[PDB]
């Protein structure tokens, strides 16, 4: 057992990529300012107003253009994938795949017997293909941030895609820049940049997406009610979800949105994650035992940093020692199979704590 000196440790040891650091004062709202909301009806004003705070707050944070709406429903982003397969894809989609999450949505669409066989454009993990389109598709899909690899991809409507742009922003939303007008469905869950819990999905949708949802419904295509985007939309527009949402999840999410907006909005959040990730990547470049997994700097995520270790330094051992010292969730994505650490740098994470983390890793490695 190596005991890392307290003086060099981060103030908060949570570097997980979802769930992720929930701020002390943010968690504290659950027993204070939100306490009276708990255990009260999602069909009555107090909880509906909370949903309204979330919707209005996200609309401000993301500078929603006219006609865009915040849609929400239980289940988390994984549920949204199945909902989108039923409800947003008409005939066929094109997917970019370059890691666990981008691949899994494509796979979900491939198996779903209500839509066509998707075009899948792949790259190796640590890279990404360019956003692109095809004449045969009506949805083009990729991930803003591939949480498994630490790759961030530009969110721009490809030339000649006059198709809905459907973006998995689960780990990107709230920490990376975005022009929402380039998107038609920009979806996420609360447990990354929003510093809340899983079990709810949120989707910012364009008028084109909303009209598409309505059109697909009018074909008679079956969808299980729980995965129904039509039903989610009708409820969301009246500050509700189809079935009962978690009040804690909404409360923590509202507090984080308010904090982000109060600190200067998405531009502040992006500067923050830039500060943090600059510290991580500069350190990884400086040390001879580390290197960023992502070789193209233009793809290096500000919010999830994947740092490979050379052969003779065992990152698994480093992660274990960190964990035993209260510095947690630096293990790489469980399926990736590399000698690597993965470090989250969502806005709740203090840039100084990322600096501290790197000093802790140096201290450990010197003593292996």
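Numbering follows the first chain given and starts at 1.
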Could you bin the unmodelled part of the deposited chain lying between residue 162 and residue 163 as none, 1 to 3, 4 to 9, or 10 or more? 1 to 3
Out of 271-279 and 125-133, which stretch has the higher average CA B-factor listed in the record? 125-133
Of the two stretches 281-289 and 153-161, which shows the higher Cα B-factor on average in the entry? 153-161
Between 207, 87, 113, 73, let me know which has the highest C-alpha B-factor in the entry? 87
Max C-alpha B-factor within the set 185, 139, 119, 250 falls on 185
Would the CA B-factor of residue 100 place it in the lowest, middle or highest third of its chain? highest
Classify residue 212 as lowest, middle or highest third according to the C-alpha B-factor given in the PDB entry, relative to its own chain. middle
Considering every modelled residue of the chain and its Cα B-factor in the PDB entry, is residue 18 in the lowest, middle or highest third? highest
In terms of the chain's CA B-factor thirds, is residue 228 lowest, middle or highest? lowest
Quick check on the deposited entry: does the C-alpha B-factor of residue 222 sit in the lowest, middle or highest third of its chain? middle
